[PDB]
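Reading through the C-alpha cells given below for one structure.
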Amino acid sequence: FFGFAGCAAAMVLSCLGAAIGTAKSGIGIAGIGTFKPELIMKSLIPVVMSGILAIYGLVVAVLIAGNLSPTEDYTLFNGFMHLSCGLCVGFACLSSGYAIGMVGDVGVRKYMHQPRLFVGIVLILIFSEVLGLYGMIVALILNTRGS
Amino acid sequence: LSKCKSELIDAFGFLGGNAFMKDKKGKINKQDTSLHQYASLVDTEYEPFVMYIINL
Amino acid sequence: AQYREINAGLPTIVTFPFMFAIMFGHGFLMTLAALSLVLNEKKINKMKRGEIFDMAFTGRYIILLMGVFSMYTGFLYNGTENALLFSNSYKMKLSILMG
Amino acid sequence: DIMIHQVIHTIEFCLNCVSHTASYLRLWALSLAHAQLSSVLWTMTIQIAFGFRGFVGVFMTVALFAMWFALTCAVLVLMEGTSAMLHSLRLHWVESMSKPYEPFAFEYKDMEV
Amino acid sequence: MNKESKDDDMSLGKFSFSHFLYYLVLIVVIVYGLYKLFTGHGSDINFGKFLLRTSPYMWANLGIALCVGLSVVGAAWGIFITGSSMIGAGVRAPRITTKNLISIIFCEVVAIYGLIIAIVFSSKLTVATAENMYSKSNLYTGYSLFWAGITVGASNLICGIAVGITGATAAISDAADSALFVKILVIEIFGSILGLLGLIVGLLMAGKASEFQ
Amino acid sequence: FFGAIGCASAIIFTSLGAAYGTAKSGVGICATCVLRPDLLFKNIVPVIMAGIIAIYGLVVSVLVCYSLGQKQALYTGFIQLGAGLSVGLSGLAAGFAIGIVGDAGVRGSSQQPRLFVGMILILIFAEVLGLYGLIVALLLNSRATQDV
Amino acid sequence: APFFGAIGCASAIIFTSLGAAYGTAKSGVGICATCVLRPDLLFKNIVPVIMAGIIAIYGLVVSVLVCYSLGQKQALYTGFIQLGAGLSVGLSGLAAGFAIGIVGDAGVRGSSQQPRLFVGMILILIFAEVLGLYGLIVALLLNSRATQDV
Amino acid sequence: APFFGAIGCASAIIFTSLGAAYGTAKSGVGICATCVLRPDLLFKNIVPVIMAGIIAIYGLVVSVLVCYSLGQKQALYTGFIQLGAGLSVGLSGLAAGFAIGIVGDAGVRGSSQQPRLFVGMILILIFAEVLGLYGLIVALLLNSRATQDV
Amino acid sequence: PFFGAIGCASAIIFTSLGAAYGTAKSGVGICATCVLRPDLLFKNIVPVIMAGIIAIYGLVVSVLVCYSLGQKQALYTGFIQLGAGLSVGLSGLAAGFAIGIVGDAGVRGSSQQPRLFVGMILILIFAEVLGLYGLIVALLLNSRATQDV
Amino acid sequence: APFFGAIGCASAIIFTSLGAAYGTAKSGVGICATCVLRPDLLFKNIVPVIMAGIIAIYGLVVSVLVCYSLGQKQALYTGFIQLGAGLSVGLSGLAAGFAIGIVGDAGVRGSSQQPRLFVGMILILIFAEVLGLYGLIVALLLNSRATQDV
Amino acid sequence: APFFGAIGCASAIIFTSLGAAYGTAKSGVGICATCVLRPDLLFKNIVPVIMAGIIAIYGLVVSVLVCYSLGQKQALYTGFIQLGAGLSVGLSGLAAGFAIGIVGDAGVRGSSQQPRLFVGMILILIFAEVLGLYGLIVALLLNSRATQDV
Amino acid sequence: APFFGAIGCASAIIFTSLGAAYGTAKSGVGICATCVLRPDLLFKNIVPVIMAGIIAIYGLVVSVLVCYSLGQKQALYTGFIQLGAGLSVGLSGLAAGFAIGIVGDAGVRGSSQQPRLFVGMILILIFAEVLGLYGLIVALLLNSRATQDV
Amino acid sequence: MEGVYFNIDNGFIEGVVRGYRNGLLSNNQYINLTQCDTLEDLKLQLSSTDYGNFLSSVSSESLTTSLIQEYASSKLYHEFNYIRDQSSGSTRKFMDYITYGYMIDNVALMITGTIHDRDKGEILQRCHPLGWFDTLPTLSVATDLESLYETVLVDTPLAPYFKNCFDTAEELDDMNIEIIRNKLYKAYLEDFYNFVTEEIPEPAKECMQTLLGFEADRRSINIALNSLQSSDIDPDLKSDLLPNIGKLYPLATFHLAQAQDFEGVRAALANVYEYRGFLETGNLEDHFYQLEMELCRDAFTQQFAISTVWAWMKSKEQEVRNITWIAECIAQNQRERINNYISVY
C-alpha cells in the first residue's frame with residue numbers, strides 16, 4: 001500500500017508550479033498604465049502554457065492510479081516506482097511552472113519598457129515551456145514498462 | 001611602434017647619457033595627464049634625444 | 001564619609017585582608033614584593049611608575065597585611081591536600097566556621 | 001515611612017542572611033583552584049627536573065624551574081588580582097549589616113593618620 | 001502505536017512554529033532539527049545493514065480531516081491580501097475595484113472544495129471508512145485517502161493562494177489613472193480552474209475509501 | 001490515544017488566531033481612532049467579529065472532550081486531531097485575514113463612510129470558512145460512536 | 001527484496017530540470033533595452049535558454065535509459081547498482097544550470113549594452129554544459145552493468 | 001547482495017561539477033564585468049574557465065574507475081570506499097573551484113583595472129589545483145583497494 | 001560499520017578547503033592591493049604558497065591512514081581513523097581559515113605600508129602549528145588502530 | 001565493543017585549533033591593520049598572537065595524552081571521561097581563543113591610538129588564559145581516571 | 001552500568017568558560033576604548049574583566065570535584081544528578097557572563113565619560129555573583145548527594 | 001529507569017538564573033546607559049537590577065528542596081513530578097525575568113525624561129514578579145508529593 | 001521566489017501605499033504637464049494627483065511660491081506621516097529608516113549650521129517623517145557627541161547620524177556638511193545594500209537591486225560631479241567612492257572627479273544611460289534625473305514587496321521638484337529648462 005503515495009503525489013508539484021506560474025504572471029501583468037497596445041496581446045501565453053502542467057500530472061496520476069490495483073502483483077516489494085514516476089513528473093511540472101513564472105514575470109514587464117524585446121521574450125517563453133514534458137514522458141514510459 | 005620605440009630609444013639612448021635613459025615602448029596617454037609628449041614646461045617623460053609620438 | 005571616629009570602615013582593615021588572603025607557599029612572593037614596596041614607598045610615591053604600581057603603592061598597607069597574611073593560608077594548603085573528596089570535607093566547613 | 005522600611009529591611013536582611021553564607025563558599029574553590037594549578041606544574045616539573053643527573057639536571061632543572069616559577073608568579077598575580085570577591089562581598093553585603101568604596105579608602109587612611 | 005502520538009505532536013509542533021513564524025516574535029522554529037534529523041537518518045541509514053522504512057497500515061485519520069482542514073486553511077488565507085487592497089484603495093476611485101468581489105467567492109469555493117470530498121470520503125462511519133489491517137485486509141483504500149486528501153488539500157490551498165494573489169493584484173489593476181481591471185480579472189479567472197480540475201482529478205485519481213462494513 | 005492534543009489544538013489555534021486578529025484589529029482601531037472619535041464604534045466591529053471564532057473551537061473541544069475518559073480505542077482517536085486541526089487552522093486563518101481585513105476596513109471606513117459597508121460585508125462573509133470547519137468538526141465528532 | 005533503485009531514474013531529471021529552470025529564470029531576468037532599442041542582442045540571448053535546456057535534454061536520456069532498465073521486477077543487487085547514476089547527472093546539471101544562469105544573467109545584462117561579451121559568454125555555457133554529458137556518461141556506464149540482474 | 005557504494009561515483013562528479021560550475025560562473029562574472037571596459041582582455045581572460053573546468057575530469061575518471069571496479073557480488077570490503085574516495089576528490093574540487101572562482105573574480109576585476117595581474121591570477125589559479133590533484137591521488141589510492149570483494 | 005573511508009577522506013578535504021579559502025582571500029587581497037601599485041605582487045604571493053602547504057599534512061595523513069587499511073571492515077577500524085582524519089581536517093581548516101584572514105589582512109595592509117610583512121609573515125608562518133598538531137594527533141590515533149578485524 | 005572514544009580526542013584538538021585559529025586571525029587582523037598606521041607598536045602587538053597560539057598545546061597535549069589511554073582493545077564504558085574532558089577542553093579552548101581574539105583585536109586597536117593601555121590590555125589579555133588551564137587540568141584529571149578500568 | 005557521568009561534570013566548564021570568555025571579551029573591548037579618554041580610569045574599568053572571568057571557578061571546581069568522584073565502576077542512577085548541576089551552573093554562568101559582558105561594556109562606556117558612575121556600575125555588576133553562587137551551591141549540593149558510599 | 005529527576009532540578013535553577021541574568025543584564029544596560037545623563041537618577045534606576053536578581057531564590061530553593069530528597073538511589077515516580085515542578089518553576093522564573101527585563105530597561109530609559117513613572121515601573125515589576133512566585137508555589141506543591149517514595 | 005512569504009505587514013503597507021500611489025502623477029501626466037503651457041491644462045492634469053487636492057480645495061490658475069511649498073509640505077507630510085503612522089512591525093521600523101536617512105542630511109546641515117553661526121527660522125522637510133520642532137531642534141541645538149548619541153539612542157530604531165557622529169567625533173572625515181554628507185551618502189548607499197541583502201530571503205526583490213545599483217551609481221557620479229570645481233580634497237573622502245556594481249573603481253571616480261575630468265567611468269559603467277561621455281553639468285543634471293527616474297514605473301508593477309515602496313518613496317523627491325518647477329515655470333510665464341530636457345519619468 002506504499003505505492004498510493006507516489007500516485008497521489010503526482011500532480012501535487014505540478015499544481016503548485018502552475019499555480020505559482022499563473023500567480024507570477026498575474027502578479028507581473030499588473031502594470032503599467034496602458035492595456036490597449038500590448039497587455040494582454042502576447043502575454044497570455046505563460047498562463048495557458050503553464051496551465052497544462054497540472055493537467056499532465058493529473059493525467060499521469062490518473063494513469064498511475066488506474067494502473068495500480070490491489071489485485072495485481074503487489075507483493076515484491078516492487079511498488080517504489082510510483083514514487084519515482086509521480087515525483088519525476090511532479091518535479092518536472094513544478095520546475096517547468098517555476099521557470100515559466102520567473103520567465104513570464106520578467107517577460108511581461110519587459111514588453112512595456114522596450115517594444116523590440118516582445119519577440120525575444122516570447123521566443124524565450126516559448127522555448128522555456130518544454131521542460132515539463134520530460135516528467136510526463138518518463139512517467140508514461142515508466143508506467144508503460146510495468147504494472 | 002613599441003618595438004621601434006624601444007629599439008630606437010635603446011639604440012639612441014646612449015647619445016644623451018647613461019643616467020637619463022630608460023626603457024619605454026609605445027605612447028600611453030591619460031585623461032588626467034597626457035604622457036609621452038616630451039613637454040618642456042610641464043612634468044612628463046624625457047629621453048636623451050628628441051623623440052615625438054604621433055598617432056594618426 | 002567624613003566621620004571622626006566611626007563609622008568609616010575600620011573593620012575592613014582586618015576582615016578585608018584576612019578574608020581576602022584565604023583565596024590564595026604562594027604568599028612568600030607576595031610578601032617579598034610587598035616588602036620591597038616598604039623601602040620603595042618613598043621613591044615610588046613620587047616616581048609614578050606604571051598604572052597598577054600607583055594603586056598598589058597607595059594601598060601598600062593593605063597589600064603588606066594581605067600579602068603577609070597570605071603566606072599562612074598559602075603555605076597551609078600546599079590538614080593536607082593529597083586528592084579530591086578528602087580535603088574538601090574540612091575546607092568546606094572551614095569557610096563556614098570562619099565566616 | 002517605617003512601614004516600607006521595615007519590610008525592605010526584613011527582606012534585605014532575609015536575603016543577605018542566606019547571601020552571606022551562600023557567598024562565603026568561594027574561598028575553598030579559589031584556594032583549591034590555585035593550589036591545584038600550582039601543585040600540578042610543581043609536581044609535574046620537580047620530578048622531571050630531578051632526573052638525569054649531571055649537567056642535564058642543572059640545565060633542565062634551571063630551565064624548567066625558571067619557566068615554572070615564571071608562570072607561577074603570573075598565576076599568583078592573576079589570583080591576587082582575581083581575589084577582589086571578598087572586597088566586593090564585604091563592600092556590598094558586609095556594609096549593610098555593619099552600618100560603597102569608603103571602607104577601602106578608610107582602611108588605607110586609617111594606618112596613615 | 002508511537003506513530004500516532006509522534007505524528008500528532010510533530011504535526012501540532014510544526015503548525016505551532018509555522019503559525020508563530022509569520023506572527024510576532026515570541027517563538028522560533030528549531031533550525032537544528034533538520035541537521036539533526038538528516039545526520040541521524042544518514043548515520044542510522046548507512047549502519048548497519050538494513051533498509052529503513054516505516055510500516056503503518058492505514059492510520060484511518062488524516063484523510064478527511066486533513067483534506068477539509070488543508071482546503072479551509074488554504075482558502076481562508078487568500079482573502080487577506082485582496083481585502084486589504086480593495087479596502088486599501090479607499091476614495092481614490094469609484095471604479096471596478098469595489099465591484100470585483102467575485103474573486104472572493106472563487107477564493108471562498110476553496111473551502112467547499114476538498115470539504116465536499118471529505119464529506120463524500122466517509123460513508124456510514126467515522127472511526128474507519130474502510131477495511132483496516134487490524135481485523136481484516138485491504139488497508140490500501142484507507143491508506144490512499146491520506147495522500148489523496150493531502151494532495152487535494154494542497155492543490156486547493158495552492159489554487160486558493162494563487163486566486164488570492166491574482167485577486168490582490170486584480171483589486172487595483174492599474175498603476176496610473178484611466179486603467180481597466182478586466183485584464184487582471186481575465187488572468188485571475190484562469191487560476192480558479194486549477195482547484196476544480198485538481199479536485200476532480202485528485203478525487204478521481206484517489207478512488208474511494210468509504211462504504212466500510 | 002493522542003486525541004487530547006488534537007482537542008486542545010482547536011482552542012489553541014483559534015485562541016492564537018483570535019488573539020492575533022484582536023491584536024491587529026485593536027492596534028489598527030486604536031491607531032485610526034486617534035483621528036476621529038466617531039469612528040470608534042464602526043472600527044470596533046472587527047475585534048468583536050474576530051473574537052467570535054472561539055465558540056466553535058470551544059464547542060468542538062467540549063464535544064471532543066466529552067468522548068474521552070469513558071470510551072476510547074485505537075480507531076476512535078483519530079477524528080479529533082483532524083477535527084481540531086480543521087477548526088484551528090480555519091479559525092487561525094479567519095482571524096489572521098480578519099485582522100488585516102479589519103484594519104483595512106477600519107482605514108477605509110475612517111477615510112469616508114463608503115467602504116465600511118464593504119468591510120462589514122467581507123467581515124460578515126468571512127465566517128463561512130470557520131462555519132464550514134465547525135460543521136466538518138461537528139460532523140466528524142458526531143460519528144465517533146460506531147462499535148463499543 | 002525491497003526493490004530500492006527506482007527513485008534514481010526519477011531523481012535524474014529533477015536537478016537537471018531545476019538547473020535548466022534556474023538557468024532560463026536567471027537568464028530571462030534583467031533589463032535588455034537601453035533607450036528605445038537594442039543592438040539586436042535578442043537573437044543572441046536565445047542561446048542561453050537552449051544552453052540551459054541542453055542539460056535537461058541530455059539528462060532526460062539518463063532517466064529514459066534508467067526507466068527502460070528498471071523494468072517491472074528487479075532484485076536488490078541490480079537495483080542497488082542501478083540507483084546513483086541520476087544524482088550525478090542531476091547535480092552536474094544543477095550546478096552547470098546555475099553557472100549558466102549566473103553567466104547568462106551577467107552576460108545578458110552586460111550583453112544588453114555591448115554585445116562584445118557574447119564571445120566569452122557563449123563559450124562559458126558551452127564549457128559549463130559538459131557536466132551533464134559527463135554525468136550522463138557515468139550514468140550510462142553505471143547503468144551498463146545493471147542490466148540482466150538475478 | 002547489500003551495497004551502498006553506488007553513490008560514490010556520482011558524489012565526486014556532483015561536487016566537482018558544482019565547484020567547477022561555481023568557479024566558471026565566478027570567472028564569467030568577472031570576465032563579463034571586465035569585458036565592458038576593455039574588450040582586449042576577454043580572449044585572454046577566457047582561458048581561466050577552461051583551466052578551471054579541468055577539475056571535473058578527475059571526478060569523472062575517478063567515477064568511471066570506481067564504477068569499472070564493481071563486480072557481481074557485494075561485500076563489506078568494497079562498499080563505503082568510493083563514497084569517501086570520490087567524496088575527497090569532490091570536496092577538494094569543490095574547494096578548489098570555490099577558491100578559483102573568488103580568485104578569478106578578483107583577478108578579472110583587478111586585471112581589468114590594472115595590467116600585469118594575469119600572471120599572478122593565473123599563477124594562483126594554476127596553483128590551486130594541487131588540492132584536487134592530491135585528492136585525485138588519494139581517491140585513486142582509495143579506489144585501488146575497492147576490488148576483491150570477499 | 002565500514003564507514004571510516006569518509007573520515008579518512010575528509011582530512012584532505014578540510015585542509016584543501018582551508019587552503020582554498022586562504023588562496024581565495026590571498027588572491028582577493030592581492031587583487032585589491034595590486035590595483036593601487038603593481039610593484040608588490042610577487043611579495044604578496046607568499047600567503048597562498050604558505051597556506052597551500054597545509055594540504056600536504058592531510059594528504060600524507062590520508063595516504064598513511066589509507067595504507068593501513070586491512071581486508072576486512074569492522075567497527076573497530078572505523079572510529080579511530082574518522083576522529084584522526086577529522087582532527088587533522090578540522091585543524092587544517094582552522095589553520096587555513098586563520099591563514100586566510102592573516103593573508104588578507106597582510107596583503108591589504110601591505111599596499112599602504114610594506115613594513116608589516118615581517119609581522120604578517122611571522123604570524124602567518126607561526127600559525128601553521130595546528131596542521132602539525134592535528135597530523136601528530138592523527139598519527140597517534142592511527143598508531144593504535146592496528147590489528148583490525 | 002564500539003571503539004568510538006576518538007571523538008573526544010578529536011574534538012579537543014578541533015575546538016582548540018578552531019579557537020586558536022580564530023584568535024590568531026582576530027589578533028593578526030588588528031595587528032596587521034594597526035601595523036600600517038604605527039610601526040612602533042609592531043613588537044608590542046606581537047604578544048597577542050603568541051598568547052592566542054598557546055591554546056593549541058593544551059588540546060594537543062590532552063589529545064596526545066588521551067590517545068595513549070585508549071588502549072588496543074576498546075570497551076563500552078571507556079569513551080566517556082575522554083569525551084567529557086575533551087569536549088570541556090575543546091569548549092574551554094574555543095571560548096579562551098574567542099575571548100583572546102576579541103581581546104587582542106580590541107587591545108591592538110585601542111593600543112594603536114594611545115600606548116597607555118598596554119598594561120591593561122596585557123593584564124586583560126593574560127587573564128583569559130585560566131580557562132584553557134582549568135579545562136586542561138580537568139581533562140588531565142579525567143584522563144587520570146580513564147586508565148584504571150579495563 | 002555504562003558509567004557515562006563524565007558529561008555532567010564536563011558540561012559546566014564549557015558554558016562557564018564560554019560565558020566568562022564572552023564577558024571578558026565584552027569588558028576588554030570597551031576597556032581599551034574607555035582607557036583612551038582617561039588614563040586613570042583604566043584600572044577602575046579593568047575590574048569587570050576579572051569580575052566576568054571570576055565565574056569560571058564555580059564550573060572548574062564543580063568539574064574538578066565531579067571528576068574525582070567517577071572512578072572506574074558506576075551505578076545506573078549515578079550520572080544524572082551531576083548533569084543538572086553542571087547544566088544549571090553552565091547556563092547560569094553563561095547567561096551571567098553574557099549579561100556581564102554587555103553590562104560591563106555599557107558600564108565602561110558610561111563610566112568612561114563620567115567618573116562618578118563607576119560606583120554605580122561596579123555596584124550594579126557586583127550583584128551578579130548571587131546567580132553563580134546559587135548555581136554553584138546547587139551543583140555542589142547535587143554533586144555531594146551523588147556519591148554516598150566510599 | 002535510572003533517573004529523570006535532575007533535569008527538572010537543573011532546568012529550574014538554570015531557567016531562573018537565565019531569566020534573572022537576562023533581566024539583570026537588560027536592566028543594567030539601560031541603567032548604565034541612562035546613568036551618564038542624570039546622576040541623581042542612578043539610585044532610582046538601580047532598583048530593577050536588584051529587584052530582578054531576587055528571582056533566582058525560588059529556583060535555587062526549589063532546586064535545593066528537590067535535591068535534598070534525592071540521594072544515591074531513587075525511583076522513577078519522583079522523576080516526573082520533580083521534572084514537572086522544576087519545569088514549571090523554570091518557565092515561571094524565565095517568564096518573570098524576561099517580562100521584568102524589558103519593563104526595567106524601558107522604565108529606566110523612560111525615567112530620565114519624566115521622573116513620575118517610577119511608581120508605575122515599580123508596581124509593574126512588583127506585579128510581574130509574582131509570576132515566578134506562582135510557579136515556585138506550584139513547584140513547592142508538586143515537590144511536596146515527591147518525598148513520599150524514597 | 002514567489003509563493004513562500006505571507007507577511008501581512010508588507011501587504012498592509014503595500015495596499016496603503018498603493019492607495020496613494022494609484023491616484024498620483026504618472027509619466028503621461030508629467031509629459032502632458034511639461035508640454036502644456038495653459039493654466040487650465042496644467043491645473044487639470046496636476047489637479048488629479050495627490051498634490052492636486054489643495055488645488056481642488058483652493059482653486060487657482062497660477063501656481064504661487066507659498067502655495068507650492070504648502071501643498072508640497074502637506075503632500076509630503078500626508079504621504080510620509082500617514083503611511084508611517086499606520087504601519088507597524090518590521091515594515092514600519094524598516095520604513096522609518098528611509099525617512100530618518102533623508103532627515104539626517106538636513107539634521108547634519110542644521111547641526112553644522114548651528115555651530116557655523118547661521119540663521120534658522122524655517123526648515124522644509126523632504127521625506128523626513130518627523131517634524132522640524134520635536135526631533136530636529138533637539139539634535140540641531142545639541143553640539144556634543146554625547147548628547148547626540150544620547151538623543152539618537154532614545155529613538156527607535158537608531159538613525160544614521162550616530163555613525164556619522166562617531167566618525168566625526170575623532171575628526172576623521174571632515175569638519176563641514178560636505179564630507180559628512182558624502183560619507184553619509186556612502187553609508188546610506190551601503191545600508192540599502194545591507195537591508196536588501198538581509199531582506200532577500202523573506203521578500204523577493206529584483207527591481208530594488210537594479211534601482212539601488214543604478215541609483216547608487218548615479219548618486220556616486222552625481223556626488224563626484226558635485227565635488228568638481230568646488231576645491232575637493234584628494235586625501236579626504238569626498239567623492240563617494242565604493243563598489244556597488246562592479247564596473248566603477250574608486251580611483252577612476254575620485255581621480256576623474258577631483259582634478260582629472262575623466263568620464264570613462266560613465267561609459268564603462270553602462271551604455272544605456274543618459275550621460276556616459278558628457279562633461280557638462282547641465283546635461284549631466286538632467287541625465288542623472290532621467291537615470292534616477294528610471295526603474296520607478298517598472299518597479300511599481302510588482303506588488304507584495306518593499307522594493308516598490310522604496311522606489312515609490314524616492315520618486316516623490318523628483319516628482320516634487322518636477323511639479324514645483326513645472327508649476328513655477330508655467331505659473332511664472334516662462335519655459336522649463338531642466339523639465340523640458342527630461343523625458344524619462
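Labels for the C-alpha cells follow display order: chains A, B, ..., residues from 1 in each chain, ligands from 1.
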
Practice task
Would you please give, as a PyMOL selection string, all residues of segment 64-105 of chain A that DSSP assigns to helix (DSSP H, G or I) based on the backbone?
Solution key: chain A and resi 64-67+81-105

Exercise for the section: Starting from chain F, keep only residues with some atom at most 10 Å from an atom of chain M, counting only C-alpha atoms, and report them as an MDAnalysis selection string. Expected result: chainID F and resid 24 27:28 31:32 96:97 99:101 103:104 107:108

Residues of chain A within 9 Å of chain G, counting only C-alpha atoms, what are they? List them as an mmCIF file with C-alpha atoms, in the first residue's frame.
data_model
loop_
_atom_site.group_PDB
_atom_site.id
_atom_site.type_symbol
_atom_site.label_atom_id
_atom_site.label_comp_id
_atom_site.auth_asym_id
_atom_site.auth_seq_id
_atom_site.Cartn_x
_atom_site.Cartn_y
_atom_site.Cartn_z
ATOM 1 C CA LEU A 76 7.521 -7.784 -4.200
ATOM 2 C CA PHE A 77 8.200 -5.287 -2.736
ATOM 3 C CA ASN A 78 8.362 -3.519 -6.104
ATOM 4 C CA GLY A 79 5.949 -0.583 -5.700
ATOM 5 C CA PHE A 80 8.705 2.019 -5.298
ATOM 6 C CA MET A 81 8.468 3.009 -8.974
ATOM 7 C CA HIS A 82 5.271 5.002 -8.368
ATOM 8 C CA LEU A 83 7.176 7.460 -6.164
ATOM 9 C CA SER A 84 9.831 7.905 -8.858
ATOM 10 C CA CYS A 85 7.169 8.342 -11.545
ATOM 11 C CA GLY A 86 4.950 10.739 -9.601
ATOM 12 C CA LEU A 87 7.899 12.602 -8.100
ATOM 13 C CA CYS A 88 9.588 12.653 -11.517
ATOM 14 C CA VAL A 89 6.518 14.168 -13.173
ATOM 15 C CA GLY A 90 5.874 16.459 -10.196
ATOM 16 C CA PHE A 91 9.414 17.823 -10.074
ATOM 17 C CA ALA A 92 9.386 18.426 -13.836
ATOM 18 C CA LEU A 94 6.990 22.188 -10.673
ATOM 19 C CA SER A 95 10.300 23.194 -12.262
ATOM 20 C CA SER A 96 8.558 23.994 -15.556
ATOM 21 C CA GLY A 97 5.929 26.106 -13.809
ATOM 22 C CA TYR A 98 8.544 27.765 -11.606
ATOM 23 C CA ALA A 99 10.716 28.620 -14.615
ATOM 24 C CA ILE A 100 7.632 29.683 -16.597
ATOM 25 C CA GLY A 101 6.561 32.023 -13.808
ATOM 26 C CA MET A 102 10.007 33.587 -13.483
ATOM 27 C CA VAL A 103 10.298 33.932 -17.262
ATOM 28 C CA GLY A 104 6.790 35.368 -17.589
ATOM 29 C CA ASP A 105 7.286 37.768 -14.682
ATOM 30 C CA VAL A 106 10.217 39.489 -16.392
ATOM 31 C CA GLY A 107 8.849 38.943 -19.904
ATOM 32 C CA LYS A 110 9.911 43.788 -20.280
ATOM 33 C CA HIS A 113 9.852 49.150 -21.412
ATOM 34 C CA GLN A 114 11.023 48.267 -24.940
ATOM 35 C CA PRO A 115 8.703 47.049 -27.727
ATOM 36 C CA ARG A 116 11.556 45.362 -29.616
ATOM 37 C CA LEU A 117 12.018 42.706 -26.903
ATOM 38 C CA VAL A 119 9.665 38.761 -29.902
ATOM 39 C CA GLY A 120 12.629 37.821 -27.705
ATOM 40 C CA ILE A 121 10.596 37.402 -24.521
ATOM 41 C CA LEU A 123 10.847 33.406 -28.047
ATOM 42 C CA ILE A 124 12.381 32.536 -24.672
ATOM 43 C CA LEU A 125 8.983 31.884 -23.073
ATOM 44 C CA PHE A 127 11.226 27.562 -25.539
ATOM 45 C CA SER A 128 11.058 27.532 -21.732
ATOM 46 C CA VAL A 130 9.345 22.374 -22.958
ATOM 47 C CA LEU A 131 10.813 21.403 -19.569
ATOM 48 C CA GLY A 132 7.669 19.748 -18.227
ATOM 49 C CA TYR A 134 10.279 15.055 -19.649
ATOM 50 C CA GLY A 135 8.470 14.136 -16.436
ATOM 51 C CA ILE A 137 7.208 11.196 -20.921
ATOM 52 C CA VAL A 138 9.332 9.471 -18.271
ATOM 53 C CA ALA A 139 6.225 8.812 -16.170
ATOM 54 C CA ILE A 141 7.399 5.320 -20.217
ATOM 55 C CA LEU A 142 7.897 4.101 -16.648
ATOM 56 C CA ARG A 145 7.096 -0.727 -18.773
ATOM 57 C CA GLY A 146 5.475 -2.112 -15.621
ATOM 58 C CA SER A 147 2.268 -2.783 -13.734
#

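All C-alpha atoms of chain L, paired in order with those of chain H and superposed by least squares, deviate by 1.4 Å RMSD.
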
If you count only C-alpha atoms, which residues fall within 12 Å of residue 42 of chain C, apart from same-chain ones fewer than 4 positions away, as an mmCIF file with C-alpha atoms, in the first residue's frame?
data_model
loop_
_atom_site.group_PDB
_atom_site.id
_atom_site.type_symbol
_atom_site.label_atom_id
_atom_site.label_comp_id
_atom_site.auth_asym_id
_atom_site.auth_seq_id
_atom_site.Cartn_x
_atom_site.Cartn_y
_atom_site.Cartn_z
ATOM 1 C CA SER C 36 60.040 45.741 48.565
ATOM 2 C CA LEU C 37 57.297 48.392 48.467
ATOM 3 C CA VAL C 38 58.099 49.432 52.063
ATOM 4 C CA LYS C 46 56.961 60.324 43.734
ATOM 5 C CA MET C 47 58.030 58.163 40.776
ATOM 6 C CA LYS C 48 54.560 57.158 39.495
ATOM 7 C CA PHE C 57 51.618 51.967 46.191
ATOM 8 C CA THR C 58 48.562 53.802 47.535
ATOM 9 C CA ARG C 60 50.686 49.452 50.283
#

Problem - residue 50 of chain C environment, 8 Å, only C-alpha atoms, sequence neighbours closer than 3 positions dropped, as a PyMOL selection string - result: (chain C and resi 53-54) or (chain J and resi 119)

Practice task
Up to 8 Å from chain H, what residues of chain G turn up? Count only C-alpha atoms and give them as an MDAnalysis selection string.
Solution key: chainID G and resid 76:77 80:85 87:92 94:96 98:100 102:103 106:107 110 114 116:117 120:121 124 127:128 131 134:135 138 141:142

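Take the candidates I:74, I:34, I:118, I:19 and check each one against chain E using only C-alpha atoms; the shortest distance goes to I:74.
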
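Going from atom CA of residue 60 of chain A to atom CA of residue 10 of chain A covers 7.0 Å.
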
Handout entry: Interface list for chain E, partner chain G, 12 Å threshold, only C-alpha atoms, as a PyMOL selection string
Key = chain E and resi 50-53

Handout entry: Contacts of residue 51 of chain D at 12 Å (only C-alpha atoms; same-chain gap of 6+ positions) as a count of residues only
Key = 7

Exercise for the section: For residue 81 of chain I, list every protein, DNA or RNA residue within 9 Å, evaluated using only C-alpha atoms, and leave out those in the same chain fewer than 6 positions away; present the list as a PyMOL selection string. Expected result: (chain I and resi 4-5+7-8+65+138+141-142+145) or (chain J and resi 6)

Problem - Who sits within 12 Å of residue 61 of chain C, only C-alpha atoms, same chain under 3 positions skipped, as a ChimeraX atom specification - result: /C:13-14,16-17,31,34-35,37-38,41,55-58,64-69 /D:104-112

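Taking atom CA of residue 15 of chain I and atom CA of residue 129 of chain H as the two end points, the separation is 13.3 Å.
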
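Our summary of the geometry notes that atom CA of residue 137 of chain E is positioned 20.6 Å from atom CA of residue 67 of chain A.
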
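Using only C-alpha atoms, we find that the part of chain E lying within 6 Å of chain M comprises residues 85, 88, 89, 175 and 176 of chain E.
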
Would you mind listing, for every residue of chain B within 10 Å of chain M, the two atoms forming the shortest contact and the distance between them in Å to one decimal, using only C-alpha atoms, sorted by chain and ascending residue number, as a Markdown table?
| residue | atom | partner | partner_atom | distance |
| --- | --- | --- | --- | --- |
| B:30 | CA | M:262 | CA | 8.7 |
| B:31 | CA | M:262 | CA | 5.6 |
| B:32 | CA | M:260 | CA | 4.1 |
| B:33 | CA | M:260 | CA | 7.6 |

Dump N, CA and C atoms for the selected residues as a short mmCIF file (atom, residue, chain, number, x, y, z; two decimals), in the first residue's frame?
data_model
loop_
_atom_site.label_atom_id
_atom_site.label_comp_id
_atom_site.auth_asym_id
_atom_site.auth_seq_id
_atom_site.Cartn_x
_atom_site.Cartn_y
_atom_site.Cartn_z
N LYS B 30 46.68 59.67 -20.99
CA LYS B 30 45.67 59.60 -19.95
C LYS B 30 44.86 60.88 -19.94
N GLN B 31 43.66 60.81 -19.36
CA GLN B 31 42.80 61.98 -19.28
C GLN B 31 43.26 62.95 -18.20
N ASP B 32 43.82 62.43 -17.10
CA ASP B 32 44.30 63.30 -16.04
C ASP B 32 45.62 63.96 -16.41
N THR B 33 46.45 63.27 -17.19
CA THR B 33 47.73 63.82 -17.61
C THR B 33 48.21 63.15 -18.90
#
